[PDB]
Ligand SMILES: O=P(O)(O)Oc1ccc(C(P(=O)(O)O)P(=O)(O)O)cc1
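Below sits a lone chain in structure tokens, taken as the form deposited without this ligand.
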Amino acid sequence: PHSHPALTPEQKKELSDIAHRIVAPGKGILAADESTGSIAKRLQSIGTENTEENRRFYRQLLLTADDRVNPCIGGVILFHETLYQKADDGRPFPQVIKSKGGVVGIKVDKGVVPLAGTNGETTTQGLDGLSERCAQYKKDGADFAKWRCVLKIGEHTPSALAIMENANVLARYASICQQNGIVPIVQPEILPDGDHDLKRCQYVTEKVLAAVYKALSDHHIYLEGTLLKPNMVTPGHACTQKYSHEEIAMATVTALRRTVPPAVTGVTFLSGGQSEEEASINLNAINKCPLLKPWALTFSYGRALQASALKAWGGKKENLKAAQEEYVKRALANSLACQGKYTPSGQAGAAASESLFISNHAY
């Protein structure tokens, strides 16, 4: 082959520094990049009207939490709208985040689209004008981008086409980001839907990650200047078998060790519909695995850090401090979990809200 370096030693350093700040020991990411529609769903759930001020207010609640959260929050992913909003104090949101020590992030993909000739499989769009948008994003304080691709497990899925196409689009996305001084989060999300077991998800996860990394190589991506946002290796939600958190940990860590080169700065896990406490325990178990993990493994949770806070809010202005507190709490818990210092680990008799698929009711 022949080389024509995409980045200079100076470009690589900036990307590497940013990537390292976000996942520094004890820190994770707050995913509060819910689209106007997604957020509308949540706000509706807690009986609050999906209004402009309301959205700007709920984001304030999170980004304006007391200094207690600072060493826990390394990065915050915002939606295009939020990025251009102001706080009560006047300060534009990206500033509030930076003053507290966090790196500003922005979701740039434009949704998933169906791939013809498959069984409900998709790919993601958003590459058009990405360079210009990323250029403008870096200008407006943003440093890391988010892009979501989704894969499904089934009898004939994920197919080779979905694996190939999704891997390629991720590499294209990452390439443009790196050119604009923006560290790209690679997010090949494998859906926990179905009744497949643990090994299956682990096999599929390994296959997927393998393709992903080879594509990044083809597109000449500076891996140090990237972060991996994968799904935890877990059994399907409908799976009848039960698994210990330590099994989940072992599955996940092993899968990553067989595919993710040590050059990748970090792995920020998705909650994948797990409960707040469950997400912590699993994360802690992961960091507690006796296997050599050369990358940082932390969190990139949305609902798993907001659930209780959203409820505590309920759209009530007076519940401000109280709701923020629930978030500060989830914050600390996860700061300890990414360090394997989060005590809550050995618990199951009253920790899993999925015993229905274990009961005779599933047979």
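The first residue of the sequence shown is number 1, and the count goes up from there.
The mean C-alpha temperature factor is higher for 240-248 when 240-248 and 171-179 are set side by side.
Stretches 115-123 and 83-91 differ in mean CA B factor, with 83-91 having the higher one. Of the candidates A309, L332, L297, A32, it is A309 whose Cα B-factor is highest according to the PDB record. Compared with the other modelled residues of the chain, the Cα B-factor recorded for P9 ranks in the middle third. In the PDB entry, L291 places in the highest third of its chain by CA B-factor. Among all modelled residues in this chain, the alpha-carbon of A351 has a temperature factor (C-alpha) in the highest third. The entry lists a Cα temperature factor for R133 that places it in the middle third of the chain's modelled residues. When all modelled residues of the chain are sorted by CA temperature factor, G272 is found within the highest third.
What comes next is about the form solved in complex with this ligand, which is not displayed.
For this ligand in the deposited bound form, the listed stretch (322-330, 65-73, 26-34, 47-55) containing residues with heavy atoms inside 4.5 Å is 26-34. For the marked spot (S38, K41 and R303), a heavy atom within 4.5 Å of this ligand in the deposited bound form is present in each of the three residues. Of the listed positions (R133, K293, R148, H196), a single one reaches within 4.5 angstroms of this ligand by any non-hydrogen atom in the deposited bound form, namely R148. Residue contact check for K107: one or more of its heavy atoms lie within 4.5 Å of this ligand in the deposited bound form.
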